[PDB]
Amino acid sequence: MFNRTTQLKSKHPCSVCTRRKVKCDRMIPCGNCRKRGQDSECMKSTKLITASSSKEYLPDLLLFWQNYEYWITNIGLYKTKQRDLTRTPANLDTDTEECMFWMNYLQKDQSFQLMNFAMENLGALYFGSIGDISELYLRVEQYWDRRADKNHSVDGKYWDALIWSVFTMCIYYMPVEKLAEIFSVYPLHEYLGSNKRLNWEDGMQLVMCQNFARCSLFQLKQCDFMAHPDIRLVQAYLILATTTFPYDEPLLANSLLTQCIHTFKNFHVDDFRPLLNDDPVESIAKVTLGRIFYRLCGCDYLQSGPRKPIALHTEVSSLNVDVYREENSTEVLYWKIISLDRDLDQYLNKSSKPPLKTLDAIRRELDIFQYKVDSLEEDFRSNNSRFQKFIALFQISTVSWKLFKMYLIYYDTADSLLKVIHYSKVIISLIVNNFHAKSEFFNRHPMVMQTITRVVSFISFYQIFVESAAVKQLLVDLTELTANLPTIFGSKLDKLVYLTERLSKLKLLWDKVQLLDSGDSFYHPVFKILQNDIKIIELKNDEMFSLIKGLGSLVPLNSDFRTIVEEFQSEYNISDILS
Amino acid sequence: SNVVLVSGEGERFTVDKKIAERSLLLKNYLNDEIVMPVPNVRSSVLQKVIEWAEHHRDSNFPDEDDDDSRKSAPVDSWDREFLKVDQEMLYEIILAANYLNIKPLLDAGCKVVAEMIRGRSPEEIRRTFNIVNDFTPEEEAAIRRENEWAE
Amino acid sequence: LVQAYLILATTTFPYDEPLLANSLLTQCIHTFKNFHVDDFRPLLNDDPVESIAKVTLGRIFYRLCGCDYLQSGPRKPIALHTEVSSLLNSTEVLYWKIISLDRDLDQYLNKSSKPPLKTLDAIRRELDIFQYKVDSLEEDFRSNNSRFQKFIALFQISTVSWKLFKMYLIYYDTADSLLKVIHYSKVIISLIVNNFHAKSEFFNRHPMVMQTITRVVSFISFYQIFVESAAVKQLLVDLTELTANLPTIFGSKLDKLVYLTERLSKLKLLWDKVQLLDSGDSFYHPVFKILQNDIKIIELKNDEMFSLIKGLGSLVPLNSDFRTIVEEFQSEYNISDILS
Amino acid sequence: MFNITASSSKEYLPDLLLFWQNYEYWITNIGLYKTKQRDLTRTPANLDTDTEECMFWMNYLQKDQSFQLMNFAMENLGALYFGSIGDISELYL
Amino acid sequence: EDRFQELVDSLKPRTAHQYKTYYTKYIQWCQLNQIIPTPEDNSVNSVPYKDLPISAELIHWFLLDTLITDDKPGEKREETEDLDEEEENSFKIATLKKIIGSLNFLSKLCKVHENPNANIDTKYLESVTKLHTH
Amino acid sequence: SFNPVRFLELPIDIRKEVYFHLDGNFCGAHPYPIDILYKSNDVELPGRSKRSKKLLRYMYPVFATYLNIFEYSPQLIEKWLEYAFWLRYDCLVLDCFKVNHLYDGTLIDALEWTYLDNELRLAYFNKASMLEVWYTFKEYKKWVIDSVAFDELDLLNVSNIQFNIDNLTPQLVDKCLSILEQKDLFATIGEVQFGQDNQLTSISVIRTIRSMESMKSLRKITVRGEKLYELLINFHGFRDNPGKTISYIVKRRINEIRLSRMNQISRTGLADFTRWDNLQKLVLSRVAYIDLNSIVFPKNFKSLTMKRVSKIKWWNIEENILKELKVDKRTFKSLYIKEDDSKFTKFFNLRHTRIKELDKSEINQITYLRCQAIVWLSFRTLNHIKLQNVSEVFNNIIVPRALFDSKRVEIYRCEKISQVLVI
Ligand SMILES: [Zn+2]
Ligand SMILES: [Zn+2]
């Protein structure tokens, strides 16, 4: 997080470093000649002494932000689950008496009102996975007819698990006012045993959503789905991935996603264009499978990390790939806007700069998908068209923010900080616009949690080192927005507020300790704390310790700034975002 | 039917909506009068950009992906008489078209600088030799010794 | 999970529940690659617990790639053995060398591109090298572990030798290749029949002796249909008696192998009693059409499109004396009786 | 398998052994061992069966029998578990 | 103006400027021999395409007086070696073919500008090319 | 005057877009582009100096080969020779090469090996085939390549230089390939061109092919003739010839093939690309007539761009669609065609063509996927199309919906082309 890296680099290496035959930190004057106090003996080519009145640590600190974003706000906040296996309980006598309450708790008319809510509002989510939901009302009828039976077939229990995943998606995206009209809270409190004054907005809707997701997984376990691979497993997981299920159970969602890759690739259908020698039922089956494929590639990229090694997305949207530009733009528009995001977020952990031709190509596809989302139908008698508009517009605003962030970090082009501020205000103005009635639940999609995490973390990081006014007002606005996010995110929202508070206290630490110049590099406790957060969470993401604990009774045996670093890490620990 | 382009100095410029959709950044901003900040562009430069969009309301420009239709496109007579301005204010018009994502103004305003880089005298290419350094003084002496025989 | 599955994969669990075993193997690939350990050589800077742990993952990774190859098919799409480069304690790496050589051989089954003679000769030189390495393994008649170890190594190298000279016989019809096939089939017999005489009959329960005897008795039946020979006939009688004498712990798969050998024996009678015809370029015979349809039916059974249509919901699937002989044989000896 | 009147030539044999290279795969590799034809509408599904089955088969095996099994594995099956678990003396604990 | 696009695109730019060099030699020869009148004195000398005299005998007489009347009384004596003189008249026949092609292109360029005095009669120049080739 | 420093202080996107529209023209001593010299009545002719007599005696025999082309109007040359001292050292020019190489050779096109002034130095030619900038490879690596490759090792490699025979004499081809052999510069070049200004090949072509196996960085091969296209890159039926062919090991290496200026590529019955089994793009630059039914199109090819053509047939998809839904052509033109231009059709204008589309009420969502499978049976996994300047398509143009969206087909110069239907 520290080198010299000043403005107005020199073209050739300086005369002193060629006199000495060493490497040249090719600045003006140098990091290697400023280290020895040879400032005036290196400037004398032209103009001279130029004014380096900027803050020189900032380029190689933004190149550090490209790694800090990946290891904190992507992996350590959402995709890290610290588990000790000696303390975690393990029995199937728990879920057979827990999930039985949640399956007997949902009544019939309550479930049909959930399905009506999905049919009227959530059409942008299931139609990629399951298709039209009027086919699924018959499956809810068959579930309530087969409810009192004793011998259930596997084919029936797959539809049961699919509609319980749909019910989970309904409970997650339902507003509290519509939820209170359907469900009573008091038998649920009599079962769970908690405080009576704990209504749905206070955090019980998330509990009921997580337990309905656990009931969908319990009915998948009653299918014995590993012995019977079927596309309804993939559909149920694509419904469950529309919630905060992949962030509540980030290691269970990776194994289910690996089973969905194994289930999908079992069909051995790589081309989804219907051929001429096909059954007309087989053609519609391959069209539905092609929609499920790109929905699965989206949900497959959104869980990428070290705890998910088996990937599915093997196609590139710019410039050995298999499966792209053969498919019609109806729901690959959700993938083509994420495959355009994968091209940007692959350079986070990667230690190389993206070429500017790639960034210009991505900017051109941004303009094309802007016109393509402006070229959509506006069904004013349908509420799911506005939610599809919000999804496909919030994704292109997110990829626009990330594109101009990487322009700001890697190359520092024309007004790219102002473009970061502009698209951050566009993200705010898309989320604040949903604070009106009839669309308050649009802000519950997990992409707004991911995007607000990235944006408020970068603005809180940039406010530490660059004192500005537009950035400060933007940070006030995102702090208000993070305070006004929906409470169904819960623990991840509290951890995001904690991370923003930690970066603000780190800003207060930055304006206290004087920066230690060292010629070619700088030194500050803020830099060391930021270096150490990545090392801590990379240590938490190292499965060698769980490996040593698994292989038997093997036990793993392993200045002035140090006091400030240790007191800040003991006061504001980075391990408080893992739980 | 009207939007407001707030400049960096704080002036409000009420522009017609169809005319101001020449800017790709504003036409995408309208998916949310409707005001929007343009933080780096002065009032005079933004006024020039708005007058340029007022003339080219009905004009037809290349498809922003063309090989020769974009490079070999000549400037308009209004575009050449329009950009007989100060040099730094010309670059600030280019910066305004780069921020507002107006590709034809970033085309016609940027072929003028290309016509000024070429078409200049070899005497003041000889004069502006190492105004930015780009060469060691040993190499500068070797270059000036290499073509000393002419003059 | 990976260790318990590698213990279960030494039984007929991957053949009793083949779609469950492929899902467990996919979870084992997910669990193993979660550790992100590529190289298994001990580094000098590591904790000496961690180096022994990486050696443990090396010897687990080689066994996992062995089972990963042994469950390769259409119902197992996610692979691990493809990430190990081919060759073209120290007795655990020998098993993976022989299994990787078998992987180099049997990749030419499904593809149509015939192997070069350079490839088969390089596999032959490596086969002689690992044959010397297996013959150099010491063994104690008291220590039954070492006897079963040498039986596994020698049976695997005899299986790879038999498959190599079978590919010599098939792809090139090299002289003195049928004698090598008969010789290594007799070597496989003399390895299996030896276990009945030495009170070590549980050596013949390993899942490699069901696969190898399946391939051998199927090829000798297929070759006795078309190319008559006395040594091949005596070898087929020995294979039939040995298949009758395989242990009952294989269960239904042994009965299905006896059924397949009986079907290929009854198909020899149909090749005898029906004269081969020709149209000037191709040779029409009912035996050929029955052998076409035996692949067509099982490729239809391994087609997950109809299960996809049943899974999507309201989409429902709707569907001379030559042909008479073919349909009567397929109504009498159906190929769908090797299924369960 | 092959590539009107009658004949007795041997053109079918090089085109038929190449057909054996496909038949060996699609019968003896896949269709005999790796193909399990299933019907999901006919297959039962509950956790009211495999719980009591596992309870019986774990309560059936006793303590003295299990160490005799482990001694059999230590004495006779050393070529199998060593790639998976290494030493089985560690597993007595 | 309809034929201008496939007249520019029919040549490489290098070939187009080589041909323009060769017919500029031709038009300079026509002005220094008073075939076409000069427009003025000490100004931009320029001839229209509409009245540029092009014929078989004019092209061949240009070819004579410039290319194959290689007298050069100050530098005639550099044709003693057979290798150098072979290279020199191979250069002569290559420039002969290229100047005939350039003046064919000029005669094709004058027809779109409505020049009635531009007819090549190309079998004559092909006979000249075959003569020097022989 | 113009200020160099103020231009190099403003950021690199604006400098890119300046050096984008500055095509390759760094000098003010440029020839007139060849459209004004022909769309003019007058013919500009030459007709004394004191300093240029020193320049045309000493500087000019160094640049005799590449600049004897401009002997018409020698005012263009005596103006050129003051640029010839100082333009290659200019900060604007070197900044143009810096921002070109920083964008992987996109801005100014195709630096070129040559052999002038006894050095084997690089050269840059503009669109009028005039040199403007000549650098030796030590000087080109020193102050433009190393000046932007500060420490990142993915930008020290310079693999985008064309070789371009027909620029220069076959003796100079031999000498250039020999000096290029004695250095380690075959990985330096990026593509090769071909000339030839009855299967006979020239001497400079054989010299180029016999050292083409040693490239190991060669892509983007291109030819310019027709009687040479039919020999060295077309399949032409022959499949086993050791000598004079283009050495199949280097057929696998190339990315794309440009076909510069011809009459037909299928002069025989089939313009077959059965070999070159690893190419992605194929650009038809000024070929007069091509038939898409006469190109055999390898297993993995993606882009077929084609500019400045005079006649196109098409992939005759209309002949195969009308057999599928089983109607007449006159009933198809007036019954099934919808001509929808909702919002994304109107994005890229195409004000002269009329973009059309099949119905939804007359096709019941089966035999729409079959009507689309006809189109994908004809294209065979290509994506990029890019029709520039064209005229007179014989069959009507048929594009799929999956490829018409996201601007993956792109008709640019629309005057005589019309009525593209999208199915
Ligand atoms: Zn230095
Ligand atoms: Zn220095």
# chains A, B, ... in the order shown; residues from 1 in each chain; ligands from 1
>>> interface_residues(of="chain C", to="chain A", cutoff="7 Å", atoms="only C-alpha atoms", output="mmCIF file with N, CA and C atoms, in the first residue's frame")
data_model
loop_
_atom_site.group_PDB
_atom_site.id
_atom_site.type_symbol
_atom_site.label_atom_id
_atom_site.label_comp_id
_atom_site.auth_asym_id
_atom_site.auth_seq_id
_atom_site.Cartn_x
_atom_site.Cartn_y
_atom_site.Cartn_z
ATOM 1 N N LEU C 19 -25.177 -43.600 -9.901
ATOM 2 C CA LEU C 19 -25.506 -42.185 -9.984
ATOM 3 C C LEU C 19 -25.315 -41.486 -8.648
ATOM 4 N N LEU C 20 -25.416 -42.234 -7.549
ATOM 5 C CA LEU C 20 -25.068 -41.686 -6.245
ATOM 6 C C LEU C 20 -23.562 -41.605 -6.065
ATOM 7 N N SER C 23 -22.209 -38.563 -7.796
ATOM 8 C CA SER C 23 -22.454 -37.343 -7.036
ATOM 9 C C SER C 23 -21.523 -37.246 -5.835
ATOM 10 N N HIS C 30 -15.027 -31.477 -5.333
ATOM 11 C CA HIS C 30 -15.286 -30.166 -4.745
ATOM 12 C C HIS C 30 -14.573 -29.995 -3.410
ATOM 13 N N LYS C 33 -10.437 -29.947 -4.211
ATOM 14 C CA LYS C 33 -9.997 -28.701 -4.828
ATOM 15 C C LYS C 33 -10.304 -27.474 -3.982
ATOM 16 N N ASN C 34 -11.105 -27.617 -2.923
ATOM 17 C CA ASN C 34 -11.313 -26.537 -1.968
ATOM 18 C C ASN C 34 -10.027 -26.207 -1.217
ATOM 19 N N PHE C 35 -9.134 -27.185 -1.051
ATOM 20 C CA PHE C 35 -7.893 -26.944 -0.327
ATOM 21 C C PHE C 35 -6.867 -26.186 -1.159
ATOM 22 N N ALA C 53 1.068 -33.622 5.825
ATOM 23 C CA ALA C 53 -0.309 -33.432 5.380
ATOM 24 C C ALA C 53 -0.407 -33.309 3.859
ATOM 25 N N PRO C 74 -20.890 -41.103 -19.288
ATOM 26 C CA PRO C 74 -21.758 -39.968 -19.619
ATOM 27 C C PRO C 74 -22.432 -39.378 -18.391
ATOM 28 N N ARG C 75 -22.613 -40.189 -17.349
ATOM 29 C CA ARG C 75 -23.264 -39.748 -16.124
ATOM 30 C C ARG C 75 -22.282 -39.169 -15.122
ATOM 31 N N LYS C 76 -21.037 -38.953 -15.538
ATOM 32 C CA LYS C 76 -20.025 -38.329 -14.691
ATOM 33 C C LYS C 76 -19.321 -37.292 -15.550
ATOM 34 N N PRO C 77 -19.815 -36.054 -15.549
ATOM 35 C CA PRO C 77 -19.262 -35.046 -16.462
ATOM 36 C C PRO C 77 -18.117 -34.226 -15.886
ATOM 37 N N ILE C 78 -18.044 -34.106 -14.566
ATOM 38 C CA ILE C 78 -17.017 -33.299 -13.918
ATOM 39 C C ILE C 78 -15.845 -34.207 -13.581
ATOM 40 N N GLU C 304 -30.368 -38.305 -21.353
ATOM 41 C CA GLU C 304 -31.094 -37.607 -20.303
ATOM 42 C C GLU C 304 -32.035 -36.537 -20.842
ATOM 43 N N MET C 305 -32.429 -36.625 -22.111
ATOM 44 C CA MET C 305 -33.390 -35.669 -22.646
ATOM 45 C C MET C 305 -34.806 -35.988 -22.187
ATOM 46 N N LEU C 308 -35.201 -34.968 -18.736
ATOM 47 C CA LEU C 308 -35.329 -33.515 -18.719
ATOM 48 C C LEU C 308 -36.760 -33.087 -19.026
ATOM 49 N N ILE C 309 -37.388 -33.735 -20.010
ATOM 50 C CA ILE C 309 -38.768 -33.420 -20.374
ATOM 51 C C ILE C 309 -39.719 -33.794 -19.240
ATOM 52 N N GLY C 311 -38.838 -33.797 -16.176
ATOM 53 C CA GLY C 311 -38.539 -32.904 -15.071
ATOM 54 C C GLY C 311 -39.108 -31.512 -15.256
ATOM 55 N N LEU C 315 -44.612 -30.661 -20.184
ATOM 56 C CA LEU C 315 -43.973 -31.273 -21.339
ATOM 57 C C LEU C 315 -43.905 -32.780 -21.135
#
>>> residues_around(residues="residue 38 of chain D", least_positions_apart="3", cutoff="9 Å", atoms="only C-alpha atoms", output="list in words")
residues 228 of chain A; 340 of chain C; 42 and 43 of chain D
>>> residues_around(residues="segment 272-286 of chain C", least_positions_apart="4", cutoff="10 Å", atoms="only C-alpha atoms", output="PyMOL selection string")
(chain C and resi 225-226+267-268+290-292+321-327+329) or (chain D and resi 1-12)
>>> residues_around(residues="residue 26 of chain D", least_positions_apart="4", cutoff="8 Å", atoms="only C-alpha atoms", output="PyMOL selection string")
(chain C and resi 295+298-299) or (chain D and resi 22+30-31)
>>> write_last_selection(atoms="C-alpha atoms", output="PDB file, in the first residue's frame")
ATOM      1  CA  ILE C 295     -25.496 -49.888 -28.858  1.00  0.00           C
ATOM      2  CA  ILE C 298     -28.181 -48.340 -24.432  1.00  0.00           C
ATOM      3  CA  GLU C 299     -27.309 -44.951 -25.953  1.00  0.00           C
TER       4      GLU C 299
ATOM      5  CA  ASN D  22     -17.306 -48.971 -29.708  1.00  0.00           C
ATOM      6  CA  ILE D  30     -21.352 -48.038 -19.532  1.00  0.00           C
ATOM      7  CA  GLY D  31     -24.450 -50.177 -19.964  1.00  0.00           C
TER       8      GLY D  31
END
>>> residues_around(residues="segment 41-47 of chain B", least_positions_apart="6", cutoff="8 Å", atoms="only C-alpha atoms", output="PyMOL selection string")
chain B and resi 7-11+13+89+92-93+95-96
>>> write_last_selection(atoms="C-alpha atoms", output="tab-separated table (two decimals), in the first residue's frame")
chain	number	residue	atom	x	y	z
B	7	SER	CA	-22.51	23.34	-15.00
B	8	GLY	CA	-19.48	23.12	-12.73
B	9	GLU	CA	-19.85	26.78	-11.79
B	10	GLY	CA	-23.51	26.38	-10.82
B	11	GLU	CA	-25.52	27.85	-13.73
B	13	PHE	CA	-29.09	25.48	-18.59
B	89	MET	CA	-11.05	26.18	-24.36
B	92	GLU	CA	-12.11	21.90	-22.56
B	93	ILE	CA	-14.85	21.42	-25.19
B	95	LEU	CA	-13.23	17.27	-22.17
B	96	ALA	CA	-16.91	18.28	-21.99
>>> interface_residues(of="chain B", to="chain F", cutoff="6 Å", atoms="only C-alpha atoms", output="number ranges by chain")
B: 71, 110-111, 114, 118-120, 122, 126
>>> interface_residues(of="chain A", to="chain B", cutoff="7 Å", atoms="only C-alpha atoms", output="ChimeraX atom specification")
/A:11-12,46,370,415,430
>>> interface_residues(of="chain F", to="chain A", cutoff="6 Å", atoms="only C-alpha atoms", output="number ranges by chain")
F: 11, 103, 147, 343-344, 370, 373, 402
>>> residues_around(residues="residue 87 of chain D", least_positions_apart="2", cutoff="12 Å", atoms="only C-alpha atoms", output="PyMOL selection string")
(chain A and resi 551-552) or (chain C and resi 56+89) or (chain D and resi 70+73-75+77-85+89-93)
>>> write_last_selection(atoms="N, CA and C atoms", output="mmCIF file, in the first residue's frame")
data_model
loop_
_atom_site.group_PDB
_atom_site.id
_atom_site.type_symbol
_atom_site.label_atom_id
_atom_site.label_comp_id
_atom_site.auth_asym_id
_atom_site.auth_seq_id
_atom_site.Cartn_x
_atom_site.Cartn_y
_atom_site.Cartn_z
ATOM 1 N N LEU A 551 -7.107 -34.722 9.200
ATOM 2 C CA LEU A 551 -6.276 -35.898 8.962
ATOM 3 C C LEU A 551 -5.943 -36.690 10.229
ATOM 4 N N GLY A 552 -6.404 -36.252 11.397
ATOM 5 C CA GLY A 552 -6.237 -37.046 12.597
ATOM 6 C C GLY A 552 -6.162 -36.232 13.868
ATOM 7 N N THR C 56 0.059 -36.681 2.428
ATOM 8 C CA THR C 56 -1.204 -37.391 2.596
ATOM 9 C C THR C 56 -2.209 -36.999 1.518
ATOM 10 N N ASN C 89 3.632 -44.248 0.256
ATOM 11 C CA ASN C 89 4.884 -44.870 -0.161
ATOM 12 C C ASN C 89 5.014 -44.956 -1.683
ATOM 13 N N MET D 70 -11.804 -54.599 12.273
ATOM 14 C CA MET D 70 -10.632 -53.741 12.134
ATOM 15 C C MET D 70 -9.334 -54.543 12.135
ATOM 16 N N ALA D 73 -9.033 -55.992 8.694
ATOM 17 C CA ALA D 73 -8.548 -54.977 7.761
ATOM 18 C C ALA D 73 -7.065 -54.699 7.948
ATOM 19 N N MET D 74 -6.588 -54.707 9.194
ATOM 20 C CA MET D 74 -5.170 -54.486 9.453
ATOM 21 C C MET D 74 -4.323 -55.639 8.928
ATOM 22 N N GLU D 75 -4.813 -56.871 9.061
ATOM 23 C CA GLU D 75 -4.005 -58.019 8.673
ATOM 24 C C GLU D 75 -4.081 -58.308 7.178
ATOM 25 N N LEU D 77 -6.103 -56.322 4.461
ATOM 26 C CA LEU D 77 -6.545 -55.356 3.462
ATOM 27 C C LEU D 77 -5.634 -54.137 3.381
ATOM 28 N N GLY D 78 -4.334 -54.319 3.625
ATOM 29 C CA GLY D 78 -3.414 -53.197 3.720
ATOM 30 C C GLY D 78 -3.160 -52.464 2.420
ATOM 31 N N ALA D 79 -3.428 -53.098 1.285
ATOM 32 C CA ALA D 79 -3.198 -52.486 -0.015
ATOM 33 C C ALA D 79 -4.318 -51.550 -0.442
ATOM 34 N N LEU D 80 -5.391 -51.451 0.338
ATOM 35 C CA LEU D 80 -6.564 -50.678 -0.041
ATOM 36 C C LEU D 80 -6.703 -49.375 0.727
ATOM 37 N N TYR D 81 -6.695 -49.426 2.058
ATOM 38 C CA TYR D 81 -6.928 -48.218 2.832
ATOM 39 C C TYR D 81 -5.728 -47.287 2.884
ATOM 40 N N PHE D 82 -4.540 -47.737 2.466
ATOM 41 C CA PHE D 82 -3.349 -46.918 2.662
ATOM 42 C C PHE D 82 -3.342 -45.700 1.751
ATOM 43 N N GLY D 83 -3.905 -45.816 0.550
ATOM 44 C CA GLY D 83 -4.070 -44.640 -0.280
ATOM 45 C C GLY D 83 -5.106 -43.672 0.245
ATOM 46 N N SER D 84 -6.054 -44.156 1.043
ATOM 47 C CA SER D 84 -7.126 -43.313 1.555
ATOM 48 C C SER D 84 -6.824 -42.777 2.953
ATOM 49 N N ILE D 85 -6.646 -43.667 3.927
ATOM 50 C CA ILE D 85 -6.495 -43.258 5.320
ATOM 51 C C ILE D 85 -5.102 -43.503 5.869
ATOM 52 N N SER D 89 -3.860 -48.341 12.390
ATOM 53 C CA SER D 89 -3.602 -48.344 13.827
ATOM 54 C C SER D 89 -4.011 -47.024 14.464
ATOM 55 N N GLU D 90 -3.971 -45.937 13.694
ATOM 56 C CA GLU D 90 -4.459 -44.639 14.132
ATOM 57 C C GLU D 90 -5.975 -44.616 14.299
ATOM 58 N N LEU D 91 -6.696 -45.519 13.634
ATOM 59 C CA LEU D 91 -8.150 -45.490 13.592
ATOM 60 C C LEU D 91 -8.790 -46.351 14.680
ATOM 61 N N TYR D 92 -7.993 -47.162 15.388
ATOM 62 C CA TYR D 92 -8.492 -47.892 16.554
ATOM 63 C C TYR D 92 -8.974 -46.937 17.634
ATOM 64 N N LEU D 93 -8.282 -45.805 17.788
ATOM 65 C CA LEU D 93 -8.702 -44.779 18.735
ATOM 66 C C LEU D 93 -10.051 -44.188 18.350
#
>>> interface_residues(of="chain A", to="chain D", cutoff="6 Å", atoms="only C-alpha atoms", output="PyMOL selection string")
chain A and resi 152-155+222-223
>>> write_last_selection(atoms="N, CA and C atoms", output="mmCIF file, in the first residue's frame")
data_model
loop_
_atom_site.group_PDB
_atom_site.id
_atom_site.type_symbol
_atom_site.label_atom_id
_atom_site.label_comp_id
_atom_site.auth_asym_id
_atom_site.auth_seq_id
_atom_site.Cartn_x
_atom_site.Cartn_y
_atom_site.Cartn_z
ATOM 1 N N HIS A 152 -44.515 -41.040 -0.600
ATOM 2 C CA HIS A 152 -44.283 -40.009 -1.600
ATOM 3 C C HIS A 152 -43.229 -40.476 -2.592
ATOM 4 N N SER A 153 -43.492 -40.246 -3.872
ATOM 5 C CA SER A 153 -42.505 -40.540 -4.894
ATOM 6 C C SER A 153 -41.453 -39.437 -4.940
ATOM 7 N N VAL A 154 -40.325 -39.744 -5.584
ATOM 8 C CA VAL A 154 -39.243 -38.772 -5.721
ATOM 9 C C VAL A 154 -39.674 -37.632 -6.637
ATOM 10 N N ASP A 155 -40.424 -37.964 -7.692
ATOM 11 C CA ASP A 155 -40.939 -36.982 -8.637
ATOM 12 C C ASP A 155 -41.893 -35.993 -7.989
ATOM 13 N N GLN A 222 -34.992 -35.336 1.377
ATOM 14 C CA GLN A 222 -35.960 -36.423 1.277
ATOM 15 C C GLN A 222 -36.089 -36.966 -0.140
ATOM 16 N N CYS A 223 -35.743 -36.174 -1.160
ATOM 17 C CA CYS A 223 -35.659 -36.719 -2.512
ATOM 18 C C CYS A 223 -34.517 -37.714 -2.673
#
>>> residues_near_ligand(ligand="ligand 2", cutoff="10 Å", atoms="only C-alpha atoms and all ligand atoms", output="PyMOL selection string")
chain A and resi 10+13-18+24-36+38-43
>>> select_by_dssp(residues="chain D", states="strand (DSSP E or B)", output="ChimeraX atom specification")
/D:5-6,44-45
>>> residues_around(residues="residue 285 of chain F", least_positions_apart="6", cutoff="7 Å", atoms="only C-alpha atoms", output="mmCIF file with N, CA, C and O atoms, in the first residue's frame")
data_model
loop_
_atom_site.group_PDB
_atom_site.id
_atom_site.type_symbol
_atom_site.label_atom_id
_atom_site.label_comp_id
_atom_site.auth_asym_id
_atom_site.auth_seq_id
_atom_site.Cartn_x
_atom_site.Cartn_y
_atom_site.Cartn_z
ATOM 1 N N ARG F 258 -6.741 -11.769 -44.376
ATOM 2 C CA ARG F 258 -7.271 -10.643 -45.130
ATOM 3 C C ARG F 258 -7.063 -10.887 -46.617
ATOM 4 O O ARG F 258 -5.994 -11.337 -47.034
ATOM 5 N N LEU F 259 -8.093 -10.611 -47.409
ATOM 6 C CA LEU F 259 -8.057 -10.798 -48.853
ATOM 7 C C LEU F 259 -8.260 -9.435 -49.496
ATOM 8 O O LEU F 259 -9.366 -8.887 -49.459
ATOM 9 N N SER F 260 -7.197 -8.887 -50.087
ATOM 10 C CA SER F 260 -7.133 -7.438 -50.278
ATOM 11 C C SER F 260 -7.915 -6.956 -51.495
ATOM 12 O O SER F 260 -8.889 -6.217 -51.356
ATOM 13 N N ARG F 261 -7.513 -7.353 -52.700
ATOM 14 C CA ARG F 261 -8.126 -6.785 -53.903
ATOM 15 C C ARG F 261 -8.121 -7.813 -55.032
ATOM 16 O O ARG F 261 -7.076 -8.167 -55.582
ATOM 17 N N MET F 306 -16.417 -7.923 -44.456
ATOM 18 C CA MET F 306 -16.250 -7.799 -45.906
ATOM 19 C C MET F 306 -16.626 -6.378 -46.339
ATOM 20 O O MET F 306 -17.801 -6.016 -46.387
ATOM 21 N N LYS F 307 -15.607 -5.585 -46.631
ATOM 22 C CA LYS F 307 -15.763 -4.207 -47.060
ATOM 23 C C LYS F 307 -15.538 -4.094 -48.561
ATOM 24 O O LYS F 307 -15.052 -5.030 -49.195
ATOM 25 N N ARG F 308 -15.962 -2.949 -49.119
ATOM 26 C CA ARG F 308 -15.697 -2.477 -50.491
ATOM 27 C C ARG F 308 -15.947 -3.526 -51.578
ATOM 28 O O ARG F 308 -15.232 -3.558 -52.582
#
>>> atom_distance(atom1="atom CA of residue 334 of chain C", atom2="atom CA of residue 302 of chain C")
16.6 Å
>>> atom_distance(atom1="atom CA of residue 86 of chain E", atom2="atom CA of residue 132 of chain E")
13.3 Å
